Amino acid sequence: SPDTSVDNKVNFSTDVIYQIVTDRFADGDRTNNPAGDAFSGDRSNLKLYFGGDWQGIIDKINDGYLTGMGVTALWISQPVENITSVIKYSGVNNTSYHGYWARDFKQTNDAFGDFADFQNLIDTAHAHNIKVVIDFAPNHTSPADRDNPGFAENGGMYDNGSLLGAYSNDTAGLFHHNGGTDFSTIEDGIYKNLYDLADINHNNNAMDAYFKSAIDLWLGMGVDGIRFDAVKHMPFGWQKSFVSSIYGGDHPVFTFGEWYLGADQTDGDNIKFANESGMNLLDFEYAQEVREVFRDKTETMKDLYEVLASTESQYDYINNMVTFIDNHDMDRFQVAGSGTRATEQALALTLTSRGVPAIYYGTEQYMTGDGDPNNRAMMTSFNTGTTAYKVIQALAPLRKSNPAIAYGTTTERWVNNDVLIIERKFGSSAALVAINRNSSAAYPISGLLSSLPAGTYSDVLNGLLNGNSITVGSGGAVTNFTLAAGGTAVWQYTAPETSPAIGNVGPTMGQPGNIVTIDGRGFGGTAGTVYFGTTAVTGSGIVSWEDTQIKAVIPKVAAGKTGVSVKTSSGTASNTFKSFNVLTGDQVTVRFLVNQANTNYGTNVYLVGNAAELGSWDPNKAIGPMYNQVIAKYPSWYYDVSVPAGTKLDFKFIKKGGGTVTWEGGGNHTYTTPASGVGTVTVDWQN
């Protein structure tokens, strides 16, 4: 099947995701509605269930509302069984309508539907060429007070109906009992409770096994992607090991996490997570910047391009960035009382920009509302005639049809305070996008250059956002034109490719034996060669091969990041997909603890070792800075690390700070890791 197929679970840049808060979209089945204090019939309390469900989503697929927009993926609230108790917070009755307060990850939230309903949703979506992404929140269960078992449901965790444990009498040690985080440090936010949510202890193998089993259940039903909740609040090492187990199993899928960033914020740990965890991220840098430029109008198009350029520089897999202009955790993009062009332009940019675009339900209806839960009102209308609906309808399909949009580089062609003209390019395909955010002033555009072949190009939007046609000369030079006030236009060229071009490889990380999906153009119909670094993969190493997609088995090559490339049956070489992370083997999560490691203020302890997963003795790749406040206390340090299973590791600790790097003396520490699951190794610092 082709790169654009709904069957393609691991790569999503040809898609447009529509993010649905299930309870707030459509009530398709009144018979599963919660009742009494848990339900708001008059919708006056935005913290109770309103009744939205899976049948409702199914209905809006079948009746053409969603398909008419050209969305090709649905991202839905966590589907698992949540607590059913009503909690009074700050004078207001609250429910689990949002899906984040799980109690049994192996059963459904009955308010949304049963497993038959869920299968119908998967099957209906797939029959319409729509992928399904679920929220998954393995950080915690639900609200709990260790000292008051009667509060809520005491964070109780069930396994297909049978009790594993609750928070107050945590016999099996399933949870952390370290208080609640104050969000002051990353460590603090990982090993203490997020708000009052009973925090899962993933270093307990019972929990590693449980969550692997649970996710396998949902993936086995046909789920195409996973949006991880609160990734900043779980150990990086556990998450890396977790996704590796997905990639090495029967159901590799696209994964991405939420690591919130405010306006004007870049974060090195956020970048490391996206580059090294094996999991992708929502692109808050993009989102916040688009909001500043279009919604708040506090920064310029030059600032916008700067962020496109800096994100490109820092993230290894830029076609995996999940972009958006708002979501369940942000004020609604539409400002009440303001015009709609800001929304329409922000949508157009997102739909034509690199990555995987996501649109929050009701954006296309200009829904307003600041703060949670005002930003989660019931869908106001299913009017297919709005300008925003038509913008998405016109541009969403380009991600499937034009590989420059799906995979292409990004280049600034023209910029001033109010106007941005960018070009996407992939092989001979290109798209040129022009946006003028100024609603009162038109701008003459002169000396514009493009990679478009000669000829006249109509605006893909046909002037819906006051765009215009352009004429292109032999050298790609664009005849002078005026970009109207509020103007937005898209001009595009798609061509058959003869030379092979790789647009994406997914997943981006894997152990030998995993099957990866290589998407692009010009691979031809006859099986050729896949390369990992200089190592050729041929014959049975190639699972399947067609013009736009190749599936290949990761060869037993040296672990570490490497380039992936192809060569056609005729011997023509492709470009290289950079930074594919070859793992040593199946992973386990190991908690490393080192004792008696005293340091001066400003100096931290890091972990290094012989395996690629331990940085291959490179002090610049040393793992850390390690933690020393919660699980273990200074001068003990600890860190949870994904390492190859059933493998003898050689390792040492180092102290880095003040431009100095000091390694342990003595011989290496050694440790043979567990065959599966999780482990712990404790050693003492060697002077």
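Residue numbers here begin at 1 and follow the sequence given.
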Seminar exercise, completed: Mean Cα B-factor check, 369-377 vs 489-497, entry values; winner is 489-497
For this session: Output the stretch having the higher mean C-alpha B factor in the entry; the candidates are 471-479 and 110-118.
Result: 471-479
Exercise. Highest CA temperature factor in the entry: which of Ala38, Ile58, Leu66, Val641?
Worked result: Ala38
Exercise. Among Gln393, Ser277, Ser570, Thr255, which residue carries the highest C-alpha B-factor recorded in the PDB entry?
Worked result: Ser570
For this session: Divide the modelled residues of the chain into thirds by Cα B-factor and specify which third, lowest, middle or highest, holds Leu48.
Result: lowest
Problem set entry | CA B-factor placement of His328, once the chain's modelled residues are sorted into thirds | middle
Exercise. Relative to the other modelled residues in the chain, which third contains the C-alpha temperature factor of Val661: lowest, middle or highest?
Worked result: highest
Exercise. Is the Cα B-factor recorded for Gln78 in the lowest, middle or highest third of its chain?
Worked result: lowest
Exercise. If you rank every modelled residue in this chain by C-alpha B factor, which third holds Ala632: lowest, middle or highest?
Worked result: highest
